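Inspection log for the structure reproduced underneath, given as structure tokens.
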Amino acid sequence: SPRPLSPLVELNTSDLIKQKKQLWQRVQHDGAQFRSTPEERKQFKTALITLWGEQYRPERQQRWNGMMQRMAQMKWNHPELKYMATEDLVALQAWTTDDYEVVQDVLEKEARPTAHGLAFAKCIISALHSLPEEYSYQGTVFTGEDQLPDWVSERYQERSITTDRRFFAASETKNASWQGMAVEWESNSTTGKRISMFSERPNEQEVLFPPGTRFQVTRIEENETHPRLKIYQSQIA
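Taking this note's numbering as reference, the numbering of the sequence shown is continuous, increasing by one, and the terminal residue is 1190.
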């Protein structure tokens, strides 16, 4: 337990694989009922602030404080969000920073997770399942990622359902700016959540799916050029 007036709490760094497996089972079991606990929200705060050691804690503390105040006001400006946990909303903004790298694949099989990443993941997932239904995007969303062809083959196959263990990001638009990544997706979304209201780059019109999302893969096109593989899939909501 922390000392009085401590900004931080202890992160459970022991048996990380068990923690990963336990969170993954919780994701599947709880579905859209998944919610972060008050203690998990404090662990996310510590995770973000301490992500890069004591040297960067003052800067990250200041960023944390600013995001908390922004999301507190977000609830005033957008009353439908009044019941969201403020730290859950902060997680959505944090996802759109470079910290995404510590959390995107943290529930993947054989991925070696950090305590920080697992703490990140709980609040993002909680945010995605507690956002009101008006934040769900119904339509086709577009993704590009830098992945190898074998990475695709392990996870996606024509005519079979993919149960995604990753955070899967996409966009409502297909801007020319990110043309030519190694892999592309065209995904029909039913409950993918629009996070442009929380992003550091709202013009990207990003949509985000949590681990546990299921996609029916309907076609995979192959090209010699990048994108080497283009995946057509539909969310099973």
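Heads up, the beta-carbon is just placed ideally off N, CA and C, and yes, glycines get one too.
Report task. Let me know if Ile1078 comes out buried or exposed under the rule of 16 or more other beta-carbons within 10 Å of its beta-carbon. Result -> buried
Query raised in the report: Looking only at C-alpha atoms, which of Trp1131, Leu1071 and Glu1007 sits nearest to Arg994?
Result: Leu1071
Report task. Could you round the C-beta distance between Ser1089 and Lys1035 to whole angstroms and report it? I think they count as a contact, below 8 Å. Result -> Not confirmed; about 18 Å, so no contact.
Requested in this report: List the endpoints of the continuous beta strand (DSSP E) containing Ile1189.
Outcome: Element bounds for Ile1189: n/a, residue is neither H nor E.
Query raised in the report: Quick one, are the C-beta atoms of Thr999 and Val962 less than 8 Å apart?
Result: The answer is yes: Cβ separation under 8 Å.
**Report entry** Terminal residues of the beta strand (DSSP E) in which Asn1141 lies
**Finding:** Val1136 to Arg1147
Query raised in the report: Would you say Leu1001 touches the ligand MN, meaning its beta carbon is less than 7 Å from a heavy atom?
Result: Although the ligand MN was asked about, the structure shown includes no ligands whatsoever.
Query raised in the report: Ordered along the chain, which non-local residues of its own chain (more than five positions away) have a Cβ less than 6 Å from that of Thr1126?
Result: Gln1158
Query raised in the report: Skipping 5 residues on each side, what residues in its chain have a beta carbon closer than 8 Å to that of residue 1249?
Result: Residue 1249 cannot be examined here, being either before or after the span of the chain that is shown, 954 to 1190.
Query raised in the report: According to DSSP, which residues form a beta bridge with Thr1093?
Result: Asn1141
Query raised in the report: Where does the unbroken beta strand (DSSP E) through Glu1063 begin, and where does it stop?
Result: Run containing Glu1063: none; DSSP gives neither H nor E here.
**Report entry** Limits of the beta strand (DSSP E) - the one that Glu1174 falls within
**Finding:** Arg1167 to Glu1175
Query raised in the report: Between the region 1096–1104 and the region 1128–1144, do three or more beta carbon pairs fall short of 8 Å?
Result: yes
Query - Inter-residue spacing [alpha-carbon to alpha-carbon] between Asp1041 and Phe997 - result: 9 Å
Query - Integer-rounded CB distance, given that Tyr1109 should sit under 8 Å from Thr1116 - result: That pair is no contact at about 11 Å.
**Report entry** Top-ranked residue by Cα proximity to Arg1172, from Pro957, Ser1140, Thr1178 and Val1055
**Finding:** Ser1140
Query raised in the report: Can you tell me whether DSSP reads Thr990 as helix, strand or coil?
Result: Of the three classes helix, strand and coil, the one that applies to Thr990 here is coil, per DSSP.
**Report entry** Contact under 8 Å by Cβ, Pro1085 with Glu1012
**Finding:** No. Outside cutoff.
Query raised in the report: Is it right to say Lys973 is buried, meaning 16 or more other beta carbons lie within 10 angstroms of its own, or is it exposed?
Result: buried
**Report entry** beta strand (DSSP E) runs wholly inside the region 1071–1118, at least 3 long, in chain order
**Finding:** Fully enclosed beta strand (DSSP E) runs of 3 or longer: 1089–1098 and 1114–1116.
Query raised in the report: For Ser1113, which option in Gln1188, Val1160, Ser954 and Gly1006 has the closest C-alpha, if you only look at C-alpha atoms?
Result: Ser1113 has its Cα closest to that of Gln1188, out of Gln1188, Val1160, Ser954 and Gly1006.
Query - First and last residue of the uninterrupted alpha helix (DSSP H) at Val1160 - result: Under the DSSP assignment, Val1160 falls outside any alpha helix (DSSP H), being part of the beta strand (DSSP E) whose first and last residues are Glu1159 to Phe1162.
Query raised in the report: Are the Cβ atoms of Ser1142 and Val1160 separated by less than 8 Å?
Result: yes
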